[PDB]
Amino acid sequence: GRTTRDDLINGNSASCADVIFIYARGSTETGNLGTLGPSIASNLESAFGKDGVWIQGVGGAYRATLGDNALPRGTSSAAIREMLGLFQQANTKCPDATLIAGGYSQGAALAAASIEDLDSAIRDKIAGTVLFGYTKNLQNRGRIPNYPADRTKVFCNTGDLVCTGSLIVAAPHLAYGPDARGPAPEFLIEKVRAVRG
């Protein structure tokens, strides 16, 4: 439900959760989780328990500006610094936690760029990443640079024009709710369990 979550920033250091989820919303979306993030979060909480997972939206300098989709990596340098900084804070504050990540639309571009640029030692702790309406899907050949295919799950609907090289929004781009409630959190949980047991 809640469209702003700062569980990593707020969370008591000596009480770190075993799993930390960092999620970037789409352009012009509310809070730091937007439309899809809270659905993924509630499903992660069902699986791990409320105290078993920390939900952290990408807020701060990530303004989710529509025009920033036109920048080279589909988001701004300031946004990338913000999301990089949250991965870094997760790994610093909670070194034993398994990380998971996601993003929608610009937030998918942001997740991909941040993961590309992240220290490999920290990137290895990201067990899985889900991307919805990935604006750099065609350009990046369905991948996140420097990150394995088996840890990536891309949800790109037929007729979602952002997945085939443009920035036009059509109805399929607004139809990721079912994925966010089901297959996306399921994938993330499977990836976490494959590493933690």
# chains A, B, ... in the order shown; residues from 1 in each chain; ligands from 1
call {"tool": "residues_around", "arguments": {"residues": "residue 11 in chain A", "least_positions_apart": "3", "cutoff": "12 Å", "atoms": "only C-alpha atoms", "output": "VMD selection string"}}
result
chain A and resid 5 to 8 14 to 17 20 51 53 to 56 89 to 90 93 to 94
call {"tool": "write_last_selection", "arguments": {"atoms": "N, CA and C atoms", "output": "short mmCIF file (atom, residue, chain, number, x, y, z; two decimals), in the first residue's frame"}}
result
data_model
loop_
_atom_site.label_atom_id
_atom_site.label_comp_id
_atom_site.auth_asym_id
_atom_site.auth_seq_id
_atom_site.Cartn_x
_atom_site.Cartn_y
_atom_site.Cartn_z
N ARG A 5 8.55 4.23 1.23
CA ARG A 5 9.20 3.30 2.15
C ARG A 5 10.68 3.64 2.22
N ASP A 6 11.18 3.75 3.44
CA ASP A 6 12.60 4.05 3.71
C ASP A 6 13.15 3.10 4.76
N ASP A 7 12.86 1.80 4.60
CA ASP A 7 13.16 0.88 5.66
C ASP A 7 14.68 0.75 5.88
N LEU A 8 15.48 0.89 4.82
CA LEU A 8 16.94 0.83 4.96
C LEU A 8 17.49 2.08 5.63
N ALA A 14 21.43 -2.36 14.20
CA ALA A 14 21.64 -3.60 14.90
C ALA A 14 20.50 -4.58 14.68
N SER A 15 19.48 -4.18 13.91
CA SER A 15 18.29 -4.98 13.59
C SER A 15 18.16 -5.23 12.10
N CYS A 16 19.24 -5.21 11.33
CA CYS A 16 19.12 -5.39 9.89
C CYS A 16 18.32 -6.64 9.55
N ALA A 17 17.46 -6.53 8.57
CA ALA A 17 16.72 -7.59 7.90
C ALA A 17 17.71 -8.43 7.08
N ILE A 20 17.05 -7.00 1.66
CA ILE A 20 16.79 -5.57 1.44
C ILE A 20 16.45 -5.39 -0.04
N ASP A 51 9.41 -8.30 9.35
CA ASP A 51 10.77 -8.06 9.86
C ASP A 51 11.86 -8.82 9.09
N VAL A 53 12.28 -8.50 5.71
CA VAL A 53 12.66 -7.76 4.50
C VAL A 53 12.48 -6.27 4.77
N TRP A 54 13.46 -5.50 4.32
CA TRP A 54 13.40 -4.04 4.32
C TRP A 54 13.11 -3.55 2.91
N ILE A 55 12.10 -2.69 2.81
CA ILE A 55 11.66 -2.10 1.56
C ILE A 55 12.18 -0.66 1.50
N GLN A 56 12.93 -0.35 0.44
CA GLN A 56 13.57 0.95 0.29
C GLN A 56 13.33 1.46 -1.11
N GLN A 89 24.80 1.98 0.85
CA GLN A 89 24.32 2.05 2.22
C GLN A 89 23.76 0.71 2.72
N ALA A 90 23.14 -0.05 1.82
CA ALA A 90 22.61 -1.35 2.20
C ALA A 90 23.76 -2.26 2.56
N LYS A 93 25.58 -0.80 5.93
CA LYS A 93 24.79 -0.89 7.13
C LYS A 93 24.50 -2.36 7.46
N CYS A 94 24.28 -3.18 6.44
CA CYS A 94 23.76 -4.53 6.62
C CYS A 94 24.58 -5.55 5.77
#
call {"tool": "select_by_dssp", "arguments": {"residues": "range 6-161 of chain A", "states": "helix (DSSP H, G or I)", "output": "JSON, numbers by chain"}}
result
{"A": [7, 8, 9, 10, 13, 14, 15, 37, 38, 39, 40, 41, 42, 43, 44, 45, 46, 47, 48, 50, 51, 52, 66, 67, 68, 69, 70, 77, 78, 79, 80, 81, 82, 83, 84, 85, 86, 87, 88, 89, 90, 91, 92, 93, 106, 107, 108, 109, 110, 111, 112, 113, 114, 115, 116, 117, 120, 121, 122, 123, 149, 150, 151, 161]}
call {"tool": "residues_around", "arguments": {"residues": "residue 36 in chain A", "least_positions_apart": "2", "cutoff": "12 Å", "atoms": "only C-alpha atoms", "output": "NGL selection string"}}
result
:A and (1-4 or 23-26 or 29-34 or 38-43 or 57 or 102-105 or 107-108 or 130-133 or 173-182 or 184-185)
call {"tool": "closest_atom_pairs", "arguments": {"of": "range 117-167 of chain A", "to": "range 58-69 of chain A", "cutoff": "10 Å", "atoms": "only C-alpha atoms", "output": "tab-separated table"}}
result
residue	atom	partner	partner_atom	distance
A:135	CA	A:69	CA	7.9
A:136	CA	A:69	CA	9.6
A:167	CA	A:69	CA	7.5
call {"tool": "closest_residue", "arguments": {"among": "A:114, A:124, A:91, A:46", "to": "residue 78 in chain A", "atoms": "only C-alpha atoms"}}
result
A:114
call {"tool": "closest_residue", "arguments": {"among": "A:111, A:157, A:86, A:18", "to": "residue 144 in chain A", "atoms": "only C-alpha atoms"}}
result
A:111
call {"tool": "atom_distance", "arguments": {"atom1": "CA of residue 110 in chain A", "atom2": "CA of residue 70 in chain A"}}
result
12.6 Å
call {"tool": "closest_atom_pairs", "arguments": {"of": "range 4-74 of chain A", "to": "range 188-191 of chain A", "cutoff": "9 Å", "atoms": "only C-alpha atoms", "output": "Markdown table"}}
result
| residue | atom | partner | partner_atom | distance |
| --- | --- | --- | --- | --- |
| A:44 | CA | A:189 | CA | 7.4 |
| A:47 | CA | A:189 | CA | 7.7 |
| A:48 | CA | A:189 | CA | 8.5 |
call {"tool": "select_by_dssp", "arguments": {"residues": "range 83-186 of chain A", "states": "strand (DSSP E or B)", "output": "ChimeraX atom specification"}}
result
/A:98-104,126-132,152-155
call {"tool": "write_last_selection", "arguments": {"atoms": "N, CA and C atoms", "output": "mmCIF file, in the first residue's frame"}}
result
data_model
loop_
_atom_site.group_PDB
_atom_site.id
_atom_site.type_symbol
_atom_site.label_atom_id
_atom_site.label_comp_id
_atom_site.auth_asym_id
_atom_site.auth_seq_id
_atom_site.Cartn_x
_atom_site.Cartn_y
_atom_site.Cartn_z
ATOM 1 N N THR A 98 21.078 -10.112 1.908
ATOM 2 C CA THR A 98 20.949 -10.297 0.468
ATOM 3 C C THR A 98 20.114 -9.161 -0.116
ATOM 4 N N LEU A 99 20.593 -8.600 -1.218
ATOM 5 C CA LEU A 99 19.902 -7.499 -1.855
ATOM 6 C C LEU A 99 19.050 -8.026 -3.025
ATOM 7 N N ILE A 100 17.968 -7.329 -3.282
ATOM 8 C CA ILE A 100 17.130 -7.538 -4.469
ATOM 9 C C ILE A 100 16.737 -6.147 -4.953
ATOM 10 N N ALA A 101 16.423 -6.027 -6.230
ATOM 11 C CA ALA A 101 16.184 -4.711 -6.815
ATOM 12 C C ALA A 101 15.092 -4.755 -7.844
ATOM 13 N N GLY A 102 14.568 -3.587 -8.160
ATOM 14 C CA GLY A 102 13.585 -3.495 -9.233
ATOM 15 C C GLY A 102 13.409 -2.084 -9.714
ATOM 16 N N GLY A 103 12.741 -1.963 -10.853
ATOM 17 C CA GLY A 103 12.371 -0.650 -11.341
ATOM 18 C C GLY A 103 11.360 -0.752 -12.474
ATOM 19 N N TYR A 104 10.597 0.334 -12.622
ATOM 20 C CA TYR A 104 9.586 0.474 -13.673
ATOM 21 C C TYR A 104 9.909 1.664 -14.561
ATOM 22 N N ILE A 126 23.379 -8.747 -5.062
ATOM 23 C CA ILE A 126 22.038 -8.529 -5.598
ATOM 24 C C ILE A 126 21.596 -9.821 -6.244
ATOM 25 N N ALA A 127 20.806 -10.597 -5.510
ATOM 26 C CA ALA A 127 20.423 -11.922 -5.963
ATOM 27 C C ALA A 127 19.523 -11.929 -7.194
ATOM 28 N N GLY A 128 18.690 -10.905 -7.344
ATOM 29 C CA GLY A 128 17.776 -10.779 -8.458
ATOM 30 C C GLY A 128 17.296 -9.357 -8.613
ATOM 31 N N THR A 129 16.964 -9.036 -9.862
ATOM 32 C CA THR A 129 16.441 -7.730 -10.241
ATOM 33 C C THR A 129 15.283 -7.923 -11.216
ATOM 34 N N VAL A 130 14.180 -7.237 -10.954
ATOM 35 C CA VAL A 130 13.022 -7.221 -11.843
ATOM 36 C C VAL A 130 12.872 -5.857 -12.504
ATOM 37 N N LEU A 131 12.647 -5.870 -13.824
ATOM 38 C CA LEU A 131 12.469 -4.653 -14.605
ATOM 39 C C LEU A 131 11.127 -4.712 -15.303
ATOM 40 N N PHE A 132 10.326 -3.655 -15.192
ATOM 41 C CA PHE A 132 9.018 -3.586 -15.852
ATOM 42 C C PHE A 132 9.063 -2.444 -16.856
ATOM 43 N N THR A 152 18.262 -11.644 -13.779
ATOM 44 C CA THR A 152 17.470 -10.571 -14.347
ATOM 45 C C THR A 152 16.130 -11.132 -14.765
ATOM 46 N N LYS A 153 15.028 -10.427 -14.494
ATOM 47 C CA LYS A 153 13.742 -10.807 -15.078
ATOM 48 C C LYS A 153 13.111 -9.534 -15.613
ATOM 49 N N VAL A 154 12.943 -9.492 -16.929
ATOM 50 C CA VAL A 154 12.360 -8.376 -17.638
ATOM 51 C C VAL A 154 10.917 -8.692 -17.977
ATOM 52 N N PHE A 155 10.046 -7.770 -17.620
ATOM 53 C CA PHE A 155 8.611 -7.787 -17.961
ATOM 54 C C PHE A 155 8.387 -6.641 -18.959
#
call {"tool": "residues_around", "arguments": {"residues": "residue 172 in chain A", "least_positions_apart": "6", "cutoff": "8 Å", "atoms": "only C-alpha atoms", "output": "ChimeraX atom specification"}}
result
/A:157-160
call {"tool": "write_last_selection", "arguments": {"atoms": "N, CA and C atoms", "output": "PDB file, in the first residue's frame"}}
result
ATOM      1  N   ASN A 157       5.706  -5.936 -21.973  1.00  0.00           N
ATOM      2  CA  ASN A 157       4.466  -6.355 -22.608  1.00  0.00           C
ATOM      3  C   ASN A 157       4.485  -6.084 -24.096  1.00  0.00           C
ATOM      4  N   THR A 158       3.820  -6.963 -24.831  1.00  0.00           N
ATOM      5  CA  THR A 158       3.598  -6.712 -26.252  1.00  0.00           C
ATOM      6  C   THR A 158       2.856  -5.396 -26.431  1.00  0.00           C
ATOM      7  N   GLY A 159       3.346  -4.526 -27.305  1.00  0.00           N
ATOM      8  CA  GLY A 159       2.739  -3.224 -27.500  1.00  0.00           C
ATOM      9  C   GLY A 159       3.198  -2.163 -26.522  1.00  0.00           C
ATOM     10  N   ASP A 160       4.103  -2.510 -25.601  1.00  0.00           N
ATOM     11  CA  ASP A 160       4.727  -1.471 -24.772  1.00  0.00           C
ATOM     12  C   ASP A 160       5.898  -0.906 -25.579  1.00  0.00           C
TER      13      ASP A 160
END
call {"tool": "atom_distance", "arguments": {"atom1": "CA of residue 97 in chain A", "atom2": "CA of residue 75 in chain A"}}
result
27.3 Å
call {"tool": "atom_distance", "arguments": {"atom1": "CA of residue 109 in chain A", "atom2": "CA of residue 73 in chain A"}}
result
6.7 Å
call {"tool": "closest_residue", "arguments": {"among": "A:169, A:118, A:22, A:112", "to": "residue 84 in chain A", "atoms": "only C-alpha atoms"}}
result
A:118
call {"tool": "closest_residue", "arguments": {"among": "A:151, A:141, A:50, A:81", "to": "residue 19 in chain A", "atoms": "only C-alpha atoms"}}
result
A:50
